[PDB]
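**Student:** Residue numbers (the entry's author numbering), protein chains in the order written: chain S, 2 to 76, 81 to 121; chain U, 1 to 27, 32 to 91, 96 to 106; chain I, 521 to 545, 570 to 662; chain J, 520 to 546, 569 to 610, 616 to 662; chain B, 521 to 546, 569 to 610, 614 to 662; chain G, 34 to 56, 66 to 77, 81 to 135, 150 to 184, 189 to 309, 312 to 321, 321A, 322 to 397, 412 to 459, 464 to 504; chain F, 191 to 242; chain A, 150 to 184, 189 to 190.
Please read through the structure below; I'll follow up with questions.
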Amino acid sequence: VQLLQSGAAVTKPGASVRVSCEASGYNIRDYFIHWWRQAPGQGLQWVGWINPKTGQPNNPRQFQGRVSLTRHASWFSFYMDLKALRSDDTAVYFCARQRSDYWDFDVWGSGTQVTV
Amino acid sequence: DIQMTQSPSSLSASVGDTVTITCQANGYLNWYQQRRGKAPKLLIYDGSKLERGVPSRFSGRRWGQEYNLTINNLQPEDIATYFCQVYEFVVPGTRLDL
Amino acid sequence: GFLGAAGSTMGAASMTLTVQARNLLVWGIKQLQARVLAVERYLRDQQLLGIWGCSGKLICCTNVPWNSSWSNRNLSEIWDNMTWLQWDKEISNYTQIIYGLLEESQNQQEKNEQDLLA
Amino acid sequence: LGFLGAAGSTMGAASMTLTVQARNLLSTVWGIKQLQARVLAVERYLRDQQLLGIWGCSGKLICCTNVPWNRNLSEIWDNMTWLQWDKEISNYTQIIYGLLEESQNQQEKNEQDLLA
Amino acid sequence: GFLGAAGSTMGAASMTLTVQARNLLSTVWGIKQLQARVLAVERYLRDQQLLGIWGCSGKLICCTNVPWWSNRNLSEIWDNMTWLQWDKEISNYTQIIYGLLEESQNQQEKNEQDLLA
Amino acid sequence: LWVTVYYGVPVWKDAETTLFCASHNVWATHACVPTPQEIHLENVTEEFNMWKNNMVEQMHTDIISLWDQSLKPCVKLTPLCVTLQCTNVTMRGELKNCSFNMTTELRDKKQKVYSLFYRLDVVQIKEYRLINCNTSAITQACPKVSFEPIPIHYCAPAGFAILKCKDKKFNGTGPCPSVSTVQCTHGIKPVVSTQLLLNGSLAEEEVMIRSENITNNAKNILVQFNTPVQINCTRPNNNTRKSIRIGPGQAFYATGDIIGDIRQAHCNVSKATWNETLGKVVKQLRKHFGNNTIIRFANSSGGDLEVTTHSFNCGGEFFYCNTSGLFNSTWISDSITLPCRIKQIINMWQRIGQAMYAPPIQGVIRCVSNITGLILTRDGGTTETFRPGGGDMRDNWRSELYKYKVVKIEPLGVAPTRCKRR
Amino acid sequence: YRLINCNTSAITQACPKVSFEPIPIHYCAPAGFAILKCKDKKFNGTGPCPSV
Amino acid sequence: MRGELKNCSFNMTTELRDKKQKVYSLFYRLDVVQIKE
Ligand SMILES: *[C@@H]1O[C@H](CO)[C@@H](O[C@@H]2O[C@H](CO)[C@@H](O)[C@H](O)[C@H]2NC(C)=O)[C@H](O)[C@H]1NC(C)=O
Ligand SMILES: *[C@@H]1O[C@H](CO)[C@@H](O[C@@H]2O[C@H](CO)[C@@H](O)[C@H](O)[C@H]2NC(C)=O)[C@H](O)[C@H]1NC(C)=O
Ligand SMILES: *[C@@H]1O[C@H](CO)[C@@H](O[C@@H]2O[C@H](CO)[C@@H](O)[C@H](O)[C@H]2NC(C)=O)[C@H](O)[C@H]1NC(C)=O
Ligand SMILES: *[C@@H]1O[C@H](CO)[C@@H](O[C@@H]2O[C@H](CO)[C@@H](O)[C@H](O)[C@H]2NC(C)=O)[C@H](O)[C@H]1NC(C)=O
Ligand SMILES: *[C@@H]1O[C@H](CO)[C@@H](O[C@@H]2O[C@H](CO)[C@@H](O)[C@H](O)[C@H]2NC(C)=O)[C@H](O)[C@H]1NC(C)=O
Ligand SMILES: *[C@@H]1O[C@H](CO)[C@@H](O)[C@H](O)[C@H]1NC(C)=O
Ligand SMILES: *[C@@H]1O[C@H](CO)[C@@H](O)[C@H](O)[C@H]1NC(C)=O
Ligand SMILES: *[C@@H]1O[C@H](CO)[C@@H](O)[C@H](O)[C@H]1NC(C)=O
Ligand SMILES: *[C@@H]1O[C@H](CO)[C@@H](O)[C@H](O)[C@H]1NC(C)=O
Ligand SMILES: *[C@@H]1O[C@H](CO)[C@@H](O)[C@H](O)[C@H]1NC(C)=O
Ligand SMILES: *[C@@H]1O[C@H](CO)[C@@H](O)[C@H](O)[C@H]1NC(C)=O
Ligand SMILES: *[C@@H]1O[C@H](CO)[C@@H](O)[C@H](O)[C@H]1NC(C)=O
Ligand SMILES: *[C@@H]1O[C@H](CO)[C@@H](O)[C@H](O)[C@H]1NC(C)=O
Ligand SMILES: *[C@@H]1O[C@H](CO)[C@@H](O)[C@H](O)[C@H]1NC(C)=O
């Protein structure tokens, strides 16, 4: 049960970026996957989850309209998008694997550090 | 909604001593430890239960709304940031000193 | 043998109950279905026999009074002349209420009396 | 008034309707699913009847035994129901069953055999 | 435990009948278990019916009327011999007794009571 | 005192067993035993948990098994995995007219045929192919069987009981003051729907909101209406069906030209009734949150074509209606027409290996049905936004099986009494 | 030419390892049931049988 | 142990009946029989 994350990327404001995140270890359809972003010297911030079986995303009011989550099954790679960036959107992004009703995450990705 | 508080912001503990940090929150509470520059790891998933592979020195106790994280025999590599989280909400953790 | 006394009268067919009593117990499902159906039918019959206080007895007497409304014929004729099959149709209409009377009047009240007086 | 109709009634009043409960115990997809239930019901009924037969109470709804015992009968039979009774006394039922199996039945067989 | 009184004499093996009595009832793998369940139920029911017809319902020890082949003394039979040796010895004479009890002896006794009452 | 034995006692315990059916079709009916008495148990209170009910999983796997069993003796469309030649039909661009080579009843000869295919069923490689040609094998549904739901009663074996809750204001969990006993449930029509529950059972008292734990935003919210909201769905196109001999005694049913003009299929719902049901829902939902909070509504965020749109079956044909107009409002403190799409390659039960082909139906398709509940997801992060969501069919059955529970009957008890055996 | 039924049905071979010769078959009833027989020599299709 | 492995290429079917592909695999000497074809 290991999550592989893509490398860092730097971009200008008003651009789009992709951060692939792949799970190869376990039965993937039975567990949600959450995304967290942290600013330097600050606590984590929730970004939202995606359902592997149906692809239904969920995002907070601040991020809604700018971030879209998508999955691509194979005979499982999770993505993330940001339509419009800004000066303050420089953070680090982590994949997490929810496994119970307690919202306890036991597996995390290496992380991607995105600068704007 | 969810009301959450972290009182022990900065702490100065010596090696081998036992210290506790108080987190007040509503709902299921998790204790995480994150070294600088590394992804967080799960220490306590329900607020009083222990995770597989974690040192036996780590433990927790819940009294009413208050939650406490207790450890004994501090190690040189045991000084890092520790934070409590509930569902989506999380508060920045506490950094200890040698 | 089996069903040998079918034509005999009621008096002479009461001494051969054991012969019928001990014969009550693709190509792969048609045997299993029969094997379970026989058991179910036997257990149902034995349950009804037992809950009247007659378990373990082929011929049991009951203290349920018999009125002439259900049927009325001379005791000399019934056991000497007519057959069990002939009697089955005559009283077939009122069997259910007789069973209902046997349910609680025969045994339940007597069970409570035995419980108190023991 | 019917199947399980004295569930809330006091034990004294519930003991009068033994027969209504005792009567209903015996009696491709949904082709084997019915057969499983048919076998299971017979098995359970036979097990209960064997347990009654071992104790010498075969064919008896209200049996008397020879095993001696707070809990005055006045409060038990007038102020409680069978469900609370079960919840309170389910702990000791195995030892009571074990006593009933051999303490009072096989012995009675020995004295009856030696008497004649 | 179960079958533990095998080597013991018939005198000392007749006090543990209950412990042997309990264990009568107790997609390739889904068909070999239903067969076992039905077979066990059928065998138990047949034995119970055989007991019941003779007049023995819910009784582990009975006494019946027919007189009593063997020439051994009672002390000899119940002192040293075990149950299995007796079963192997007298397997021939069982069928005579089996039909003797159910046909007449009980069937007669079921009538006089009806005649008496 | 001396112990005694009673063989008939009212006692029950929690256990799980096989429940049988009592009542052509995809769900095999007339293979069920033909089917009452209901007893009210007085002065009894028992606890019900609909979120760990076992009767839901059993019925889910039974319906899956019935679907798989009913699709077995039908035609396999393996020769239809071929390079099509599609062209435009002249709801613009929705239909295609595709010609291809097909095998005939003689092994050494071919034929050239054509059919009308929807846009949602083909992908490009002018040359087109079916969607499932790389992930799944497609089989044709037999025209004899009907997809119309028929009520099914679930009954417990002998020695087992079903207890139901008659409390009108009962939520998902907690004791039920008024209990009762039945051995067969009411008719439960199997209907598939993702965002709006159809042909269900109404609530006598008022709208009711049930979730496993409402603090968790990852759990769906089930809303039960007290009055139905009529919806009228139609497919105005007039279709003609064809037959093609694809082998020895094997026929494939294709669509001929549409007679008359081509129009979009749709559904109509009443505006005032929906604007009152939304108000009642907002009030009952505002019970849980603060009174100062304001309740928003929005259409689905994203996902599959099954969870972004209200999907259902209307008389043997599959509809995917857009419900963005229903869920656009904000509450602080004429009719609505819903465009729909039609698909023929159907992959359901959230499996990625077994597809199915629905033969075309000739004529005009009309459905008139009720709306008796919603499935929602509240966004997390003084305003709350609720967006419709579905996709998992166990919620659909939890909506129906919340009252009932199954209990073992244990009739042996050893009570104290003042009597001894002689 | 072509086979007679390639437009209506599919062919499966008759599998030479088996034989088509009929052999007598009985039809026996479960426990609790019996099969009645009529021994009337001049017996019509329907009606009473005096020699059951 | 030279000659115990053989690289064999052949024509195989595809998802589509019209066209086929040319593939290859490594087989053991025990699983191939002469008919180099
Ligand atoms: C639902 O979530 C709540 C909050 O996240 C959980 O809170 C519990 O609430 C009960 C109510 O009496 C308390 O007794 C528990 O102590 C609370 N738990 C904690 C960890 O504080 C609740 O457990 C969750 N589940 C249910 C069924 O309510
Ligand atoms: C939910 O409603 C919104 C209304 O804005 C839809 O957003 C539009 O979708 C169309 C479809 O291609 C786009 O052309 C527009 O650019 C979108 N508008 C905006 C502001 O983004 C959205 O598609 C609807 N979602 C669903 C699942 O129906
Ligand atoms: C929900 O219920 C309605 C009402 O019975 C169903 O509509 C029926 O559909 C069948 C099959 O096409 C018709 O023969 C009936 O005439 C229709 N009823 C009426 C009153 O016209 C509908 O199929 C059900 N299921 C849904 C909507 O999924
Ligand atoms: C579902 O319906 C909504 C409402 O009509 C669609 O959103 C509209 O899309 C058209 C097409 O470009 C736009 O002109 C409208 O402005 C949109 N509405 C709003 C309020 O912005 C939506 O596109 C539909 N879903 C899909 C998948 O087409
Ligand atoms: C096994 O044999 C096959 C067939 O010759 C080889 O595959 C071909 O290699 C050539 C040389 O680069 C290519 O031009 C062809 O396109 C290849 N064909 C296929 C179907 O792959 C293969 O390299 C050989 N492998 C070994 C290990 O000897
Ligand atoms: C099948 O083809 C479609 C269309 O090209 C594609 O989207 C899908 O990913 C393919 N399936 C797999 C398993 O690659
Ligand atoms: C075996 O036989 C010996 C010799 O009589 C006896 O003492 C012993 O009790 C027997 N064992 C059992 C289990 O009966
Ligand atoms: C579909 O294409 C075929 C082949 O070109 C043609 O014969 C047929 O008329 C077309 N159908 C329609 C409805 O245009
Ligand atoms: C059908 O087969 C013919 C002859 O092989 C070919 O020319 C044509 O492209 C095929 N496809 C069609 C007609 O759609
Ligand atoms: C819809 O609701 C109305 C009113 O309760 C009812 O008369 C009608 O039968 C319902 N239709 C269906 C299909 O249940
Ligand atoms: C739906 O409503 C529109 C406009 O009110 C109307 O033109 C159409 O005929 C209606 N269709 C149905 C099936 O009621
Ligand atoms: C739906 O159809 C029925 C029957 O024609 C009609 O009475 C009702 O008004 C229609 N409702 C809508 C919203 O079109
Ligand atoms: C490989 O095959 C060639 C083909 O002639 C043969 O000459 C050679 O000896 C083989 N190599 C072995 C057997 O190691
Ligand atoms: C594969 O097919 C081609 C032509 O389609 C043929 O020439 C060749 O001999 C076949 N076999 C191979 C490449 O092994």
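Cβ coordinates follow ideal geometry from the N, Cα and C atoms, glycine included.
Between the region 375-390 of chain G and the region 479-499 of chain G, are three or more C-beta pairs nearer than 8 Å?
**Tutor:** No, the region 375-390 of chain G is not in contact with the region 479-499 of chain G.
**Student:** Where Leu661 of chain I and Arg579 of chain I are concerned, what is the direct C-alpha to C-alpha distance, given to the nearest angstrom?
**Tutor:** Their Cα atoms are separated by approximately 44 Å.
**Student:** State yes or no: is the beta carbon of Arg444 of chain G nearer than 8 Å to at least one beta carbon in chain I?
**Tutor:** So no, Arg444 of chain G is outside the interface.
**Student:** Along the chain, where does the alpha helix (DSSP H) containing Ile642 of chain J start, and where does it finish?
**Tutor:** Its alpha helix (DSSP H) spans residues 639-647.
**Student:** With distances taken from CA atoms, which of F:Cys239, F:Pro212, F:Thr198, F:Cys218 is nearest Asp230 of chain F?
**Tutor:** The shortest C-alpha separation from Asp230 of chain F is found at F:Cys239.
**Student:** Going along chain J, which residues have a C-beta under 7 Å from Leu483 of chain G?
**Tutor:** Chain J residues near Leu483 of chain G: none, gap ~18 Å exceeds 7 Å.
**Student:** Determine the direct distance from the alpha carbon of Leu454 of chain G to that of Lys282 of chain G, and round the result to whole angstroms.
**Tutor:** Those two C-alpha atoms are separated by around 9 Å.
**Student:** Using only CA atoms, which one of G:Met100, G:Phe391, G:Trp96 lies nearest to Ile414 of chain G?
**Tutor:** Of the candidates G:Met100, G:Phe391, G:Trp96, the one whose C-alpha sits nearest the C-alpha of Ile414 of chain G is G:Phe391.
**Student:** So does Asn156 of chain A have its beta carbon nearer than 7 Å to some heavy atom of ligand 5?
**Tutor:** Correct: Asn156 of chain A has its Cβ closer than 7 Å to ligand 5.
**Student:** What residues of chain G sit near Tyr91 of chain U, judged by a beta carbon separation below 8 Å?
**Tutor:** The answer, in chain order, is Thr278, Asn279, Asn280, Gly458.
**Student:** Where does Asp109 of chain S land, buried or exposed, given buried means 16+ other C-beta within 10 angstroms?
**Tutor:** With 16 or more other Cβ atoms within 10 Å, it is buried.
**Student:** Does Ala662 of chain I get closer than 8 Å to chain G when you measure Cβ to Cβ?
**Tutor:** Chain G contact via Cβ: present.
**Student:** At a cut-off of 7 Å, would you count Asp321A of chain G as near ligand 8, judging by its Cβ distance to the nearest heavy atom?
**Tutor:** Because some heavy atom of ligand 8 lies under 7 Å away, the Cβ of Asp321A of chain G counts as near it: yes.
**Student:** Between which two residues does the alpha helix (DSSP H) harbouring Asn651 of chain B extend?
**Tutor:** First-last of the alpha helix (DSSP H) with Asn651 of chain B: 651-661.
**Student:** Would you please verify whether the beta carbon of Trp35 of chain G is less than 8 Å from any beta carbon of chain J?
**Tutor:** So, interface residue.
**Student:** Within 8 Å (strictly less), CB to CB, does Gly572 of chain B reach chain I?
**Tutor:** Not closer than 8 Å to any Cβ of chain I, the Cβ of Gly572 of chain B fails to qualify, so no.
**Student:** Determine, using beta-carbon pairs with one atom in the region 629-646 of chain I and one in the region 602-618 of chain I, whether at least three such pairs fall under 8 Å.
**Tutor:** As far as the Cβ criterion goes, the region 629-646 of chain I touches the region 602-618 of chain I, which means the pair count is three or higher.
**Student:** For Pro417 of chain G, tell me which candidate among G:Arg298, G:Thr467, G:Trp338 has the shortest Cα-Cα distance.
**Tutor:** Of G:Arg298, G:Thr467, G:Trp338, the residue nearest in Cα terms is G:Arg298.
**Student:** For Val58 of chain U, which residues of its own chain have a beta-carbon under 7 Å away from its beta-carbon, when the five flanking residues on both sides are left out?
**Tutor:** The answer, listed in chain order, is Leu47.
**Student:** Give me the Cα-Cα distance between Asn339 of chain G and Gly389 of chain G, rounded to the nearest whole angstrom.
**Tutor:** In a straight line, the C-alpha of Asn339 of chain G is about 12 Å away from that of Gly389 of chain G.
**Student:** Assuming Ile322 of chain G and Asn295 of chain G are in contact, meaning their beta carbons sit under 8 Å apart, how far apart are those beta carbons, in whole angstroms?
**Tutor:** That belief does not hold up - the Cβ atoms of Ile322 of chain G and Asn295 of chain G are roughly 22 Å apart, past 8 Å.
**Student:** Run down chain G in chain order and give the residues with a C-beta less than 7 Å from the C-beta of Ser199 of chain F.
**Tutor:** Chain G residues near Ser199 of chain F: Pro313, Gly314.
**Student:** Just how far apart, CA to CA, sit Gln203 of chain F and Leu592 of chain J?
**Tutor:** So the alpha carbons of these two residues sit roughly 58 Å apart.
**Student:** Can you tell me whether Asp86 of chain S is helix, strand or coil according to DSSP?
**Tutor:** Reduced to three states, the DSSP call for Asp86 of chain S is strand.
**Student:** With a Cβ-Cβ cutoff of 8 Å, do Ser365 of chain G and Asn59 of chain S count as a contact?
**Tutor:** Contact: yes.
**Student:** For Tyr191 of chain F, count neighbouring C-beta atoms within 10 Å of its own C-beta (all shown protein chains included) and say buried if the count is 16 or more, exposed if not.
**Tutor:** Counting Cβ neighbours within 10 Å, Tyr191 of chain F comes out exposed, since fewer than 16 surround it.
**Student:** Have a look at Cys196 of chain G and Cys126 of chain G and give me their C-alpha separation to the nearest angstrom.
**Tutor:** Cα to Cα, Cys196 of chain G sits roughly 6 Å from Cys126 of chain G.
**Student:** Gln43 of chain S: which of S:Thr95, S:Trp113, S:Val121 sits nearest, CA to CA?
**Tutor:** Checking every option, the nearest Cα to that of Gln43 of chain S belongs to S:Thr95.
**Student:** With distance defined between alpha-carbon atoms, name the residue in J:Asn625, J:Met535, J:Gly527, J:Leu581 nearest to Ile84 of chain G.
**Tutor:** Among J:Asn625, J:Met535, J:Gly527, J:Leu581, the Cα nearest to that of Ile84 of chain G is on J:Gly527.
**Student:** Is there a C-beta anywhere in chain S that falls below 8 Å from the one on residue 107 of chain U?
**Tutor:** This structure gives no information on residue 107 of chain U, because the portion of chain U shown stretches from 1 to 106.
**Student:** Would you verify that the beta carbon of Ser649 of chain I is, or is not, closer than 8 Å to some beta carbon of chain B?
**Tutor:** No, because no Cβ of chain B sits closer than 8 Å to the Cβ of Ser649 of chain I.
**Student:** Check whether the Cβ of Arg500 of chain G lies closer than 8 Å to any Cβ atom in chain I.
**Tutor:** False, the Cβ-Cβ gap to chain I never drops below 8 Å.
**Student:** What residues from chain U crowd round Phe110 of chain S, counting only those whose CB sits closer than 7 Å?
**Tutor:** By Cβ distance, chain U contributes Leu46.
**Student:** Does the region 260-277 of chain G touch the region 445-459 of chain G, meaning 3 or more C-beta pairs lie closer than 8 Å?
**Tutor:** A contact exists between the region 445-459 of chain G and the region 260-277 of chain G.
**Student:** Return the chain-ordered list of same chain residues with a C-beta closer than 7 Å to the C-beta of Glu370 of chain G, the five sequence neighbours on each side being excluded.
**Tutor:** Closer than 7 Å at the Cβ level, and outside the excluded window around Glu370 of chain G, lie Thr257, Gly473.
**Student:** If distances are taken between C-alpha atoms only, which option among J:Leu602, J:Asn625, J:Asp624 comes closest to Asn656 of chain I?
**Tutor:** Taking only the C-alpha atoms, the option nearest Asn656 of chain I is J:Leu602.
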